[PDB]
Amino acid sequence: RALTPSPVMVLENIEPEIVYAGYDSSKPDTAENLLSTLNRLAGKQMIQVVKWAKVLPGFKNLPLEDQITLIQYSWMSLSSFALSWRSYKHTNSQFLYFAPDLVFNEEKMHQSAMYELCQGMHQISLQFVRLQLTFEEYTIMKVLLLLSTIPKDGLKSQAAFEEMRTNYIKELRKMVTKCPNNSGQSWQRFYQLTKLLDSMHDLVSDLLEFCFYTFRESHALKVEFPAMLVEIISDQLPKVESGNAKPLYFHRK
């Protein structure tokens, strides 16, 4: 025998690769152009996200309806978390790396008409640097975000979901023991990481509020949304605004 491999290696394998925004820095940085570009970018990342989720250990066994529900509830969280990861790995969290050809500095944050939201997402990137987050921890946390919110009345296969989520939590516990050592700095790190996952709920709440607004006012604001997002948001918005969503917390729940 040798080691007892975890899905971690598998997760690293299915990890989607960078997608370009197709942005041209020479044209005007209007809010219309920036947000429309960002929404089209999201559409492309989303295809990768679904492809990624489809082969996830455990998640792949959930019924189609629960997989769709989970993805529609967590897409913003996944997108934002991945943004902070890229910002961390590519710029040491000095900028918001939406894509290799679309990196936001303070100036673009103001022109996007999303300044405060960009700051919130940036703060997560800052945490990644303060903790020197590892790719291993990151991939498991991504899965945990996918499993971070369910319907108020639970899923179709709730019990199976709870077992899968528990396993991924234990998995994170395994990883948090790796990177460091010194029992102390593992008990502590696991706490900080799960506390960070919880903070994603508040951030996503603000992100979604702005998202639903621009979606509703899409025509008057001239903010385009790709078919991929139109479908997801059209389904997600009604549920979220009616209080059907139930965020799962690790702490202060």
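We number the residues from 1 along the sequence you see.
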property: Missing coords for residue 180 in a third or more of other PDB entries; result: yes
property: Entry-level comparison of average CA B-factors, 215 to 223 and 185 to 193, reporting the higher stretch; result: 185 to 193
property: Stretch with the higher entry mean CA B-factor, where the candidates are 232 to 240 and 14 to 22; result: 14 to 22
property: Per the PDB entry, maximal CA B factor within 86, 122, 152, 142; result: 152
property: Residue 177 CA temperature factor, ranked by third within the chain; result: highest
property: CA B-factor placement of residue 81, once the chain's modelled residues are sorted into thirds; result: lowest
property: Modelled-residue ranking by C-alpha temperature factor, third containing residue 71; result: lowest
property: Entry-reported Cα temperature factor of residue 111, expressed as the chain third it lands in; result: lowest
property: For residue 131, the third of its chain into which the C-alpha B factor falls; result: highest
